[PDB]
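Source file entry-v9.cif; content: mmCIF, C-alpha atoms.
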data_start
loop_
_atom_site.label_atom_id
_atom_site.label_comp_id
_atom_site.auth_asym_id
_atom_site.auth_seq_id
_atom_site.Cartn_x
_atom_site.Cartn_y
_atom_site.Cartn_z
CA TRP W 1 0.00 0.00 0.00
CA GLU W 2 0.99 3.60 -0.71
CA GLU W 3 -0.48 7.00 -0.01
CA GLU W 4 -2.23 8.21 -3.17
CA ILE W 5 -0.48 10.88 -5.23
CA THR W 6 -2.86 13.83 -4.82
CA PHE W 7 -3.55 16.74 -7.14
CA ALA W 8 -1.91 19.02 -4.57
CA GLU W 9 1.16 16.80 -4.80
CA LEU W 10 1.19 17.25 -8.57
CA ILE W 11 1.08 21.03 -8.11
CA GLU W 12 4.00 20.88 -5.69
CA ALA W 13 5.92 18.64 -8.13
CA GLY W 14 5.74 21.33 -10.84
CA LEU W 15 3.29 19.48 -13.09
CA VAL W 16 0.39 21.97 -12.90
CA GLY W 17 1.02 25.41 -14.32
CA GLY W 18 1.93 27.08 -17.58
CA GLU W 19 3.94 25.94 -20.56
CA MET W 20 6.92 24.70 -18.50
CA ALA W 21 4.60 22.42 -16.53
CA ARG W 22 2.79 21.22 -19.67
CA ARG W 23 6.10 20.20 -21.24
CA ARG W 24 7.06 18.41 -18.00
CA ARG W 25 3.82 16.41 -18.12
CA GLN W 26 4.50 15.44 -21.72
CA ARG W 27 8.02 14.27 -20.85
CA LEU W 28 6.87 12.48 -17.69
CA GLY W 29 4.00 10.91 -19.63
CA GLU W 30 6.47 9.50 -22.16
CA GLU W 31 8.77 8.17 -19.44
CA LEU W 32 5.92 6.53 -17.51
CA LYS W 33 4.27 5.34 -20.76
CA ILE W 34 0.96 6.97 -19.82
CA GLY W 35 0.73 9.50 -22.66
CA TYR W 36 0.13 13.22 -22.47
CA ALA W 37 -2.65 14.36 -20.15
CA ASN W 38 -3.74 17.51 -18.40
CA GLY W 39 -3.20 17.62 -14.65
CA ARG W 40 -6.61 16.20 -13.75
CA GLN W 41 -6.30 13.33 -16.23
CA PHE W 42 -2.66 12.77 -15.26
CA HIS W 43 -3.69 12.33 -11.62
CA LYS W 44 -6.37 9.82 -12.59
CA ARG W 45 -3.99 7.84 -14.82
CA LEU W 46 -1.37 7.52 -12.07
CA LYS W 47 -4.04 5.86 -9.91
CA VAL W 48 -5.60 3.69 -12.66
CA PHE W 49 -2.21 2.32 -13.72
CA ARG W 50 -0.99 1.96 -10.08
CA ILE W 51 2.20 3.96 -10.69
CA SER W 52 4.32 3.78 -7.56
CA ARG W 53 5.60 6.87 -5.78
CA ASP W 54 9.17 5.61 -6.26
CA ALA W 55 8.69 5.23 -10.01
CA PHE W 56 6.93 8.57 -10.35
CA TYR W 57 9.67 10.49 -8.52
CA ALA W 58 12.50 8.67 -10.29
CA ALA W 59 11.00 9.71 -13.62
CA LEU W 60 10.35 13.24 -12.35
CA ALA W 61 13.97 13.63 -11.22
CA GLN W 62 15.20 12.49 -14.65
CA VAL W 63 12.92 14.97 -16.41
CA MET W 64 14.11 17.76 -14.10
CA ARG W 65 17.75 16.79 -14.59
CA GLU W 66 17.37 17.26 -18.35
CA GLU W 67 16.06 20.78 -17.70
CA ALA W 68 19.48 21.60 -16.18
#
Transcribe the structure of this file into structure tokens.
Amino acid sequence: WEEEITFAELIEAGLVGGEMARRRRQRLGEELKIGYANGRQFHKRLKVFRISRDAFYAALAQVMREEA
């Protein structure tokens, strides 16, 4: 069992916002193989596909590393 990844958590992760956030969701969607989604759909897909916190944050760190 894991605590669900909430919409607030997606905001704090930088995945809800303007164009920078949209591009992050597209890159994270490719890495997690869930496709592009808006924030609301992205949140739902993480739950439907049972994406683990560890996998989500590993992919997020990789996406953020490429930004630097």
task: Between CA of residue 22 (chain W) and CA of residue 1 (chain W), measure the distance and give it in Å to one decimal.
output: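 These atoms are spaced 29.1 Å apart.
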message: What would the selection look like, as a PyMOL selection string, if the PyMOL selection byres ((chain W and resi 45) around 12) were run on the coordinates I just shared?
response: chain W and resi 4-7+29+32-44+46-52+56
Would you export the selected residues with C-alpha atoms as a PDB file, in the coordinates of the input, please?
ATOM      1  CA  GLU W   4      -2.230   8.210  -3.170  1.00  0.00           C
ATOM      2  CA  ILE W   5      -0.480  10.880  -5.230  1.00  0.00           C
ATOM      3  CA  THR W   6      -2.860  13.830  -4.820  1.00  0.00           C
ATOM      4  CA  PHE W   7      -3.550  16.740  -7.140  1.00  0.00           C
ATOM      5  CA  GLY W  29       4.000  10.910 -19.630  1.00  0.00           C
ATOM      6  CA  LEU W  32       5.920   6.530 -17.510  1.00  0.00           C
ATOM      7  CA  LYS W  33       4.270   5.340 -20.760  1.00  0.00           C
ATOM      8  CA  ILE W  34       0.960   6.970 -19.820  1.00  0.00           C
ATOM      9  CA  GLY W  35       0.730   9.500 -22.660  1.00  0.00           C
ATOM     10  CA  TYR W  36       0.130  13.220 -22.470  1.00  0.00           C
ATOM     11  CA  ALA W  37      -2.650  14.360 -20.150  1.00  0.00           C
ATOM     12  CA  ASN W  38      -3.740  17.510 -18.400  1.00  0.00           C
ATOM     13  CA  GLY W  39      -3.200  17.620 -14.650  1.00  0.00           C
ATOM     14  CA  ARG W  40      -6.610  16.200 -13.750  1.00  0.00           C
ATOM     15  CA  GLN W  41      -6.300  13.330 -16.230  1.00  0.00           C
ATOM     16  CA  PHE W  42      -2.660  12.770 -15.260  1.00  0.00           C
ATOM     17  CA  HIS W  43      -3.690  12.330 -11.620  1.00  0.00           C
ATOM     18  CA  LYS W  44      -6.370   9.820 -12.590  1.00  0.00           C
ATOM     19  CA  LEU W  46      -1.370   7.520 -12.070  1.00  0.00           C
ATOM     20  CA  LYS W  47      -4.040   5.860  -9.910  1.00  0.00           C
ATOM     21  CA  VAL W  48      -5.600   3.690 -12.660  1.00  0.00           C
ATOM     22  CA  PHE W  49      -2.210   2.320 -13.720  1.00  0.00           C
ATOM     23  CA  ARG W  50      -0.990   1.960 -10.080  1.00  0.00           C
ATOM     24  CA  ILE W  51       2.200   3.960 -10.690  1.00  0.00           C
ATOM     25  CA  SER W  52       4.320   3.780  -7.560  1.00  0.00           C
ATOM     26  CA  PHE W  56       6.930   8.570 -10.350  1.00  0.00           C
TER      27      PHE W  56
END
Can you list what the PyMOL selection byres ((chain W and resi 24) around 12) grabs from this structure, as a PDB file with C-alpha atoms, in the frame of the given file?
ATOM      1  CA  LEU W  10       1.190  17.250  -8.570  1.00  0.00           C
ATOM      2  CA  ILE W  11       1.080  21.030  -8.110  1.00  0.00           C
ATOM      3  CA  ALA W  13       5.920  18.640  -8.130  1.00  0.00           C
ATOM      4  CA  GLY W  14       5.740  21.330 -10.840  1.00  0.00           C
ATOM      5  CA  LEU W  15       3.290  19.480 -13.090  1.00  0.00           C
ATOM      6  CA  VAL W  16       0.390  21.970 -12.900  1.00  0.00           C
ATOM      7  CA  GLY W  17       1.020  25.410 -14.320  1.00  0.00           C
ATOM      8  CA  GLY W  18       1.930  27.080 -17.580  1.00  0.00           C
ATOM      9  CA  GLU W  19       3.940  25.940 -20.560  1.00  0.00           C
ATOM     10  CA  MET W  20       6.920  24.700 -18.500  1.00  0.00           C
ATOM     11  CA  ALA W  21       4.600  22.420 -16.530  1.00  0.00           C
ATOM     12  CA  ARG W  22       2.790  21.220 -19.670  1.00  0.00           C
ATOM     13  CA  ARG W  23       6.100  20.200 -21.240  1.00  0.00           C
ATOM     14  CA  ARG W  25       3.820  16.410 -18.120  1.00  0.00           C
ATOM     15  CA  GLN W  26       4.500  15.440 -21.720  1.00  0.00           C
ATOM     16  CA  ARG W  27       8.020  14.270 -20.850  1.00  0.00           C
ATOM     17  CA  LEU W  28       6.870  12.480 -17.690  1.00  0.00           C
ATOM     18  CA  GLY W  29       4.000  10.910 -19.630  1.00  0.00           C
ATOM     19  CA  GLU W  30       6.470   9.500 -22.160  1.00  0.00           C
ATOM     20  CA  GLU W  31       8.770   8.170 -19.440  1.00  0.00           C
ATOM     21  CA  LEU W  32       5.920   6.530 -17.510  1.00  0.00           C
ATOM     22  CA  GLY W  35       0.730   9.500 -22.660  1.00  0.00           C
ATOM     23  CA  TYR W  36       0.130  13.220 -22.470  1.00  0.00           C
ATOM     24  CA  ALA W  37      -2.650  14.360 -20.150  1.00  0.00           C
ATOM     25  CA  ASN W  38      -3.740  17.510 -18.400  1.00  0.00           C
ATOM     26  CA  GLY W  39      -3.200  17.620 -14.650  1.00  0.00           C
ATOM     27  CA  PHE W  42      -2.660  12.770 -15.260  1.00  0.00           C
ATOM     28  CA  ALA W  59      11.000   9.710 -13.620  1.00  0.00           C
ATOM     29  CA  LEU W  60      10.350  13.240 -12.350  1.00  0.00           C
ATOM     30  CA  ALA W  61      13.970  13.630 -11.220  1.00  0.00           C
ATOM     31  CA  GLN W  62      15.200  12.490 -14.650  1.00  0.00           C
ATOM     32  CA  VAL W  63      12.920  14.970 -16.410  1.00  0.00           C
ATOM     33  CA  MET W  64      14.110  17.760 -14.100  1.00  0.00           C
ATOM     34  CA  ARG W  65      17.750  16.790 -14.590  1.00  0.00           C
ATOM     35  CA  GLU W  66      17.370  17.260 -18.350  1.00  0.00           C
ATOM     36  CA  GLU W  67      16.060  20.780 -17.700  1.00  0.00           C
TER      37      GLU W  67
END
Assuming 5 Å of padding per side, give the centre and edge lengths of the axis-aligned box around every listed atom of region 29-43 of chain W, in Å to one decimal and as JSON.
{"center_x": 1.1, "center_y": 11.5, "center_z": -17.1, "size_x": 25.4, "size_y": 22.3, "size_z": 21.0}
Please, could N, CA, C and O atoms be added to region 46-65 of chain W and the result written as a PDB file, in the frame of the given file?
ATOM      1  N   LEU W  46      -2.310   8.058 -13.046  1.00  0.00           N
ATOM      2  CA  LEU W  46      -1.370   7.520 -12.070  1.00  0.00           C
ATOM      3  C   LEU W  46      -2.061   6.506 -11.155  1.00  0.00           C
ATOM      4  O   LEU W  46      -1.470   5.479 -10.789  1.00  0.00           O
ATOM      5  N   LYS W  47      -3.310   6.780 -10.771  1.00  0.00           N
ATOM      6  CA  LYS W  47      -4.040   5.860  -9.910  1.00  0.00           C
ATOM      7  C   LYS W  47      -4.497   4.622 -10.687  1.00  0.00           C
ATOM      8  O   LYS W  47      -4.308   3.493 -10.220  1.00  0.00           O
ATOM      9  N   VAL W  48      -5.071   4.816 -11.876  1.00  0.00           N
ATOM     10  CA  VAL W  48      -5.600   3.690 -12.660  1.00  0.00           C
ATOM     11  C   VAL W  48      -4.502   2.689 -12.967  1.00  0.00           C
ATOM     12  O   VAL W  48      -4.704   1.465 -12.881  1.00  0.00           O
ATOM     13  N   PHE W  49      -3.335   3.183 -13.357  1.00  0.00           N
ATOM     14  CA  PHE W  49      -2.210   2.320 -13.720  1.00  0.00           C
ATOM     15  C   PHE W  49      -1.341   1.934 -12.527  1.00  0.00           C
ATOM     16  O   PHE W  49      -0.341   1.228 -12.724  1.00  0.00           O
ATOM     17  N   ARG W  50      -1.689   2.362 -11.304  1.00  0.00           N
ATOM     18  CA  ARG W  50      -0.990   1.960 -10.080  1.00  0.00           C
ATOM     19  C   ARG W  50       0.504   2.275 -10.160  1.00  0.00           C
ATOM     20  O   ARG W  50       1.355   1.441  -9.844  1.00  0.00           O
ATOM     21  N   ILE W  51       0.815   3.489 -10.630  1.00  0.00           N
ATOM     22  CA  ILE W  51       2.200   3.960 -10.690  1.00  0.00           C
ATOM     23  C   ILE W  51       2.688   4.233  -9.278  1.00  0.00           C
ATOM     24  O   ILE W  51       2.059   4.984  -8.523  1.00  0.00           O
ATOM     25  N   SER W  52       3.801   3.608  -8.903  1.00  0.00           N
ATOM     26  CA  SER W  52       4.320   3.780  -7.560  1.00  0.00           C
ATOM     27  C   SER W  52       4.944   5.157  -7.377  1.00  0.00           C
ATOM     28  O   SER W  52       5.437   5.769  -8.324  1.00  0.00           O
ATOM     29  N   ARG W  53       4.926   5.625  -6.132  1.00  0.00           N
ATOM     30  CA  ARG W  53       5.600   6.870  -5.780  1.00  0.00           C
ATOM     31  C   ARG W  53       7.061   6.833  -6.212  1.00  0.00           C
ATOM     32  O   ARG W  53       7.575   7.801  -6.781  1.00  0.00           O
ATOM     33  N   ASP W  54       7.754   5.730  -5.915  1.00  0.00           N
ATOM     34  CA  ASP W  54       9.170   5.610  -6.260  1.00  0.00           C
ATOM     35  C   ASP W  54       9.381   5.783  -7.761  1.00  0.00           C
ATOM     36  O   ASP W  54      10.290   6.500  -8.197  1.00  0.00           O
ATOM     37  N   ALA W  55       8.542   5.132  -8.567  1.00  0.00           N
ATOM     38  CA  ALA W  55       8.690   5.230 -10.010  1.00  0.00           C
ATOM     39  C   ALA W  55       8.346   6.618 -10.506  1.00  0.00           C
ATOM     40  O   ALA W  55       8.991   7.135 -11.423  1.00  0.00           O
ATOM     41  N   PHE W  56       7.312   7.228  -9.930  1.00  0.00           N
ATOM     42  CA  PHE W  56       6.930   8.570 -10.350  1.00  0.00           C
ATOM     43  C   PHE W  56       8.057   9.566 -10.075  1.00  0.00           C
ATOM     44  O   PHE W  56       8.442  10.343 -10.957  1.00  0.00           O
ATOM     45  N   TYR W  57       8.627   9.523  -8.869  1.00  0.00           N
ATOM     46  CA  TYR W  57       9.670  10.490  -8.520  1.00  0.00           C
ATOM     47  C   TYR W  57      11.001  10.193  -9.185  1.00  0.00           C
ATOM     48  O   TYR W  57      11.773  11.123  -9.450  1.00  0.00           O
ATOM     49  N   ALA W  58      11.296   8.929  -9.493  1.00  0.00           N
ATOM     50  CA  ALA W  58      12.500   8.670 -10.290  1.00  0.00           C
ATOM     51  C   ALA W  58      12.377   9.299 -11.668  1.00  0.00           C
ATOM     52  O   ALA W  58      13.305   9.963 -12.148  1.00  0.00           O
ATOM     53  N   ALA W  59      11.218   9.129 -12.306  1.00  0.00           N
ATOM     54  CA  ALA W  59      11.000   9.710 -13.620  1.00  0.00           C
ATOM     55  C   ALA W  59      10.986  11.229 -13.541  1.00  0.00           C
ATOM     56  O   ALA W  59      11.553  11.905 -14.402  1.00  0.00           O
ATOM     57  N   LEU W  60      10.369  11.780 -12.493  1.00  0.00           N
ATOM     58  CA  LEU W  60      10.350  13.240 -12.350  1.00  0.00           C
ATOM     59  C   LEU W  60      11.751  13.808 -12.180  1.00  0.00           C
ATOM     60  O   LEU W  60      12.071  14.844 -12.762  1.00  0.00           O
ATOM     61  N   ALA W  61      12.601  13.152 -11.386  1.00  0.00           N
ATOM     62  CA  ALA W  61      13.970  13.630 -11.220  1.00  0.00           C
ATOM     63  C   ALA W  61      14.728  13.611 -12.543  1.00  0.00           C
ATOM     64  O   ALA W  61      15.498  14.535 -12.827  1.00  0.00           O
ATOM     65  N   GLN W  62      14.524  12.569 -13.358  1.00  0.00           N
ATOM     66  CA  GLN W  62      15.200  12.490 -14.650  1.00  0.00           C
ATOM     67  C   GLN W  62      14.752  13.620 -15.567  1.00  0.00           C
ATOM     68  O   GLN W  62      15.574  14.285 -16.211  1.00  0.00           O
ATOM     69  N   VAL W  63      13.448  13.881 -15.608  1.00  0.00           N
ATOM     70  CA  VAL W  63      12.920  14.970 -16.410  1.00  0.00           C
ATOM     71  C   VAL W  63      13.491  16.310 -15.950  1.00  0.00           C
ATOM     72  O   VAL W  63      13.859  17.166 -16.764  1.00  0.00           O
ATOM     73  N   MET W  64      13.589  16.507 -14.634  1.00  0.00           N
ATOM     74  CA  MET W  64      14.110  17.760 -14.100  1.00  0.00           C
ATOM     75  C   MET W  64      15.606  17.887 -14.310  1.00  0.00           C
ATOM     76  O   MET W  64      16.119  18.999 -14.482  1.00  0.00           O
ATOM     77  N   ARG W  65      16.318  16.763 -14.302  1.00  0.00           N
ATOM     78  CA  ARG W  65      17.750  16.790 -14.590  1.00  0.00           C
ATOM     79  C   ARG W  65      18.009  17.267 -16.014  1.00  0.00           C
ATOM     80  O   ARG W  65      18.909  18.082 -16.251  1.00  0.00           O
TER      81      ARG W  65
END
